[PDB]
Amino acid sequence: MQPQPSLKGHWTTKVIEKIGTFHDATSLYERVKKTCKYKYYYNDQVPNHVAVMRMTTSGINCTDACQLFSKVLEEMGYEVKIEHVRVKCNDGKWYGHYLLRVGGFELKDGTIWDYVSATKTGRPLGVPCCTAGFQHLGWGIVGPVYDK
């Protein structure tokens, strides 16, 4: 038959255990959309095992969600890239933001996979959490500062 996403990976398994079965990035998005929550806490991160525990209870932010779900989607076999962007919402403000770029299998290349659309602003797969305006800023999470 034709190749399908692998459900064997470490982080995939711990996500399946917490939110229900999925078979690909689209169904993943829908189970997330159904189980998980957005919690804002500045730029702070937690370990992935902490994010897995919090994401349906107290919630996680776009930074942690991108950290965990990019691991899940790469285990599944997708091409993944966390993108740092700024979105303009219907309130007129710009917001700094992380989303995932995912392609392969049933997803076209560069498809937006946006945790915050899924859980907070209710926009469908492929659509960032706000659509009034967009600016690419770069690829990856900004690291910590070093000085002294």
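Throughout, we count residues from 1 along the sequence that is shown.
- Higher average CA B factor: 55-63, of the stretches 55-63 and 24-32.
- Taking the mean C-alpha B-factor of each stretch as recorded, 36-44 and 64-72 are not equal, and the higher mean is that of 36-44.
- Among 15, 137, 125, 129, the highest C-alpha B-factor in the deposited entry belongs to 15.
- The deposited CA B-factor of residue 86 belongs to the middle third of values across its chain.
- Among the modelled residues of its chain, residue 50 has a C-alpha B-factor that falls in the highest third according to the deposited record.
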